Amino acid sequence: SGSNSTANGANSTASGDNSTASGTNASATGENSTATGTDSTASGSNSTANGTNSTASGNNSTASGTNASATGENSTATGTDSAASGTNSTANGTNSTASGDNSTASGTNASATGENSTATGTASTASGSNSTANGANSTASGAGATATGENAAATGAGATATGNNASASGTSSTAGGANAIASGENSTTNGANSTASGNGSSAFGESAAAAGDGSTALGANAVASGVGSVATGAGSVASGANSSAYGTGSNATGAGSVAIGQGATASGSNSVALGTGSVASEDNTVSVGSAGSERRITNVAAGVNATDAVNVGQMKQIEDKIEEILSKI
């Protein structure tokens, strides 16, 4: 009964201006409304409903598909049983739900229920505030969480996960790479199959592991398993408490040990192995090699204080003195 309006089908209603109802009990009551299908409803302003029992009751709403429902202001729902119920909500796919304000859900059973949430992919879930999930079966449930990849999961507050099966579960955790795990508080990992599980741990490289609290493991298969350990280099190990290893295959296993160079090994407490292949097994020493593989130390200035090193020139002056004491005797 509205202006420039048609109502075809039994008990259909076109009361809105510029409205077009069609189908048994199709109700196009909003202004500029179009309702198609049995029991379809376009009651909002500028609303369009297509499909049996479809509902476009929000202002500026569009619902397409059987039982599709666009009840939010500025809502759009496509697919059987889709629901766009938040303000500024958009749903595309069967049984998709965009129920948060400013939410967008795309894929069968995709769910964007947080404020400002976005879920893309079948059975993706963006349930945290300001959460973003992109990938089938992905989950961004933490506040500010972002998950990208199939089965990626960002569950910590401020967590970010990128990669198939990646998991960022600690507060302020970040994981990148397939199967990467950032589970410590304030943990960061990047590399497929890498793990940063200590609090304050950071790992970089495929299969790198920073399990110590405050540990840092950088390089493929690097291991920083001690508290406060640092390991840089593929296959490096810093397993002592407060240990430091630098170089491929370096090994700092003593408490406080330091190993610098490819294949350097330091097992002594507070010891240092300096140089490729150097070995420091004695506690509280600096080794510049190993037995049979000693190194000269060069560009040493003359020592002055009692615990400074001595250079050859200082010794040669004593030798010359003894020579002359050989003439005087």
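Throughout, we count residues from 1 along the sequence that is shown.
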Higher avg CA temperature factor (233 to 241 vs 109 to 117, as deposited) belongs to 109 to 117
If you average the CA temperature factors over each stretch, which comes out higher, 134 to 142 or 180 to 188?
-> 134 to 142
Residue with highest C-alpha B-factor in the PDB entry, from 292, 275, 37, 303 | 37
Of the choices 298, 271, 53, 265, which one's C-alpha carries the largest B-factor in the record?
-> 53
Chain-wide C-alpha B factor ranking for residue 212, given as lowest, middle or highest third = lowest
Just say lowest, middle or highest third for the CA B-factor of residue 158 relative to the other modelled residues in its chain.
-> middle
Rank-wise, by C-alpha B-factor, drop residue 258 into the lowest, middle or highest third of its chain.
-> lowest
Within this chain, which third does the Cα B-factor at residue 223 fall in: lowest, middle or highest?
-> lowest
Give the position of residue 170 by CA B-factor within its chain, expressed as the lowest, middle or highest third.
-> middle
